[PDB]
Amino acid sequence: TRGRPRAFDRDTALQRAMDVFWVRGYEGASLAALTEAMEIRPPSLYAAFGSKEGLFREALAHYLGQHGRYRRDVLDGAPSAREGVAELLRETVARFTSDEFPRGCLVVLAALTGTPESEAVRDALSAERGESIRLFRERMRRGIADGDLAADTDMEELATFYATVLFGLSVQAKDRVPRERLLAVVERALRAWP
Amino acid sequence: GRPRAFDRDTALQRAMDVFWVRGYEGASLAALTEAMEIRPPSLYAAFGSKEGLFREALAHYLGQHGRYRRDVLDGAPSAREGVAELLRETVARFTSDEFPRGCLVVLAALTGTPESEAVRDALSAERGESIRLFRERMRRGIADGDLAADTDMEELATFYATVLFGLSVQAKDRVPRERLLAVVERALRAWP
DNA sequence: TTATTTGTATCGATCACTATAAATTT
DNA sequence: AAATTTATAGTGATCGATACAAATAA
């Protein structure tokens with residue numbers, strides 16, 4: 001394919017952008033900040049990502065596949081729905097309090113409110129939080145078939161509860177609540193299990 | 001001198017609504033001045049700056065949607081019932097359509113530019129006060145007798161604060177009130 | 001040559017904000 | 001006439017985004 005070769009690694013630039021979105025949220029991540037962290041100039045970013053909303057949408061998918069695969073892994077890899085939900089919440093808290101990533105979950109922190117211009121992005125993360133509930137719900141559905149959860153168990157109710165705790169754990173992580181306290185928060189939420 | 005053509009507490013109410021919906025950085029001076037129905041020079045004469053306007057809208061908001069919290073916790077005869085009543089009333093407010101859904105303190109500024117770090121830090125301190133409300137009501141339950149003396153109060157207060165903050169995210173996502181009330185009943189099953 | 005990426009250097013719109021002076025009081 | 005608030009019309013800075021042409025390939 002003809003053309004001057006690309007001088008930057010696309011995946012790296014995508015990763016460095018998702019880090020900026022993770023800390024500053026979608027609207028607070030300015031083009032000056034994105035091009036600096038990515039170590040590229042604006043027209044390069046627009047040639048590769050089309051627009052800031054397109055950059056965020058690619059950054060979001062990158063985040064989900066690199067910081068969201070562990071969710072299904074520990075969920076499906078558990079012998080019961082309870083221990084799967086337990087292990088996911090413990091892994092999530094350890095990740096939320098790691099010295100190697102921004103604190104909390106991008107999906108929760110990046111765009112809760114904002115200008116009406118960015119409503120598509122907010123609806124996107126909204127949809128992605130509905131997936132967090134659906135993820136818990138699917139695992140519980142397997143718990144019913146395996147026998148570790150009761151047949152009449154209201155899966156939506158129970159999934160929605162642990163997604164509430166999970167979303168709340170992003171705010172507490174952002175507020176720098178110590179890891180020991182959040183793991184105890186997880187243990188207390190597990191007491192609510194049927 | 002000349003009289004002012006707006007009412008300060010009313011303009012503060014409209015600024016609060018815009019901040020509630022669009023967040024601190026998302027609320028432009030254009031959108032604020034249109035809501036309050038004042039022009040920019042009147043805004044800065046009365047509030048100093050956008051940051052000062054937000055701080056006054058925050059104090060205003062806490063006066064309405066913050067005082068009822070300690071009132072509900074102390075009005076109940078036990079810590080458990082107090083936490084329950086507060087969570088139940090919060091869900092109702094989070095899903096009634098006079099207020100925007102969910103709490104301003106959780107939604108207004110969780111991330112943003114480095115220039116707004118002070119506003120974000122002020123909202124975090126306010127979330128720490130929610131934790132402090134539960135803990136203080138739990139201290140009374142230990143003294144009154146409805147809560148065991150060796151209860152880990154800080155873990156229990158943080159647990160219900162985590163539920164509280166999560167309910168804002170779910171309220172913003174338009175989760176129905178019935179589903180949120182079930183979350184509250186489910187969180188009460190974790191009571192010691 | 002033709003494609004494509006690159007850095008420079010902007011663009012118009014909007015950001016938070018304010019100089020200024022007319023309008024409305026005492 | 002003095003005190004004060006108001007509306008008009010902007011400020012310089014930054015926003016997301018792009019025109020342009022030198023640079024680098026097929």
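Chain letters run A, B, ... following the sequence lines, proteins first, then strands; residues in each count from 1. Atom set for the values below is all heavy atoms of this structure, side chains included, hydrogens, waters and symmetry mates excluded.
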Residues in side-chain hydrogen bond (donor to acceptor under 3.5 Å, both in side chains) contact with A:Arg137, at least two apart in sequence or another chain: none
Least distance between heavy atoms, B:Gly23 atom then A:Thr113 atom: CA-OG1, 3.5 Å
Transitive ILVMFWY side-chain link A:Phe96 to A:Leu106, under 4.5 Å: no
B:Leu181: partners by side-chain contact (heavy atoms from CB on, under 4.5 Å), with sequence neighbours left out: B:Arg88, B:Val91, B:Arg177
B:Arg55/B:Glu51 under salt bridge (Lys or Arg N to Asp or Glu O under 4.0 Å): CA gap, chis, key distance, verdict: CA-CA 6 Å; B:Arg55 303 231 182 223; B:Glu51 194 177 323; 2.7 Å; yes
Pucker class of D:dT8, where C1'-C2'-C3'-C4' positive means north and negative means south: south
A:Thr160 and B:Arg186: side chain donor to acceptor below 3.5 Å: no
Range on DNA chain C touched by chain B, heavy atoms, distance below 4.0 Å: C:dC15 to C:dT25
Partner set under side-chain hydrogen bond (donor to acceptor under 3.5 Å, both in side chains) for B:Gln170, not counting sequence neighbours: A:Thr164
SB check A:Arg72 A:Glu138 (cutoff 4.0 Å): no
Would you list the protein and nucleotides 22-26 of chain D atom pairs, both N or O, that sit under 3.5 Å from each other?
residue : atom : partner : partner atom : Å
D:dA23  : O4'  : A:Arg4  : NH1          : 3.3
D:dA23  : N3   : A:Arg4  : NH1          : 3.4
D:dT24  : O2   : A:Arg4  : N            : 3.4

Which side the sugar of C:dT18 sits on, once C1'-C2'-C3'-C4' is checked for sign: south
Centroid-centroid distance, A:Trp193 to A:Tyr162, less than 6.0 Å: yes
North (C3'-endo side) or south (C2'-endo side) for C:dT10 via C1'-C2'-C3'-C4': north
Short N-O contact, A:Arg10 and A:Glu58, less than 4.0 angstrom: yes
B/S/- contact track for nucleotides 4-13 of chain D, protein heavy atom under 4.0 Å: BBSBBB----
Set of residues satisfying side-chain contact (heavy atoms from CB on, under 4.5 Å) with respect to B:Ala57, sequence neighbours excluded: B:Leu12, B:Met16, B:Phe19
Pucker class of D:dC20, from the sign of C1'-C2'-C3'-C4': south
With B:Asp74 via side-chain hydrogen bond (donor to acceptor under 3.5 Å, both in side chains) - residues at least two apart: B:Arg140
Residues B:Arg93 and B:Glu89 bridged, charged N to O under 4.0 Å: yes
With sequence neighbours excluded, residues passing side-chain contact (heavy atoms from CB on, under 4.5 Å) with A:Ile40: A:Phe8, A:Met38, A:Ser44, A:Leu45
Pair pattern of DNA chain D in dot-bracket, where unpaired bases get dots and | marks partners in another strand, Watson-Crick or G-U under 3.5 angstrom: .|.|||||||||||||||||.||.||
Pucker family that the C1'-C2'-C3'-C4' torsion assigns to C:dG7: south
With sequence neighbours excluded, residues passing side-chain hydrogen bond (donor to acceptor under 3.5 Å, both in side chains) with B:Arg139: none
Neighbours of DNA chain C within residues 19-38 of chain A, by heavy-atom distance under 4.0 Å: none
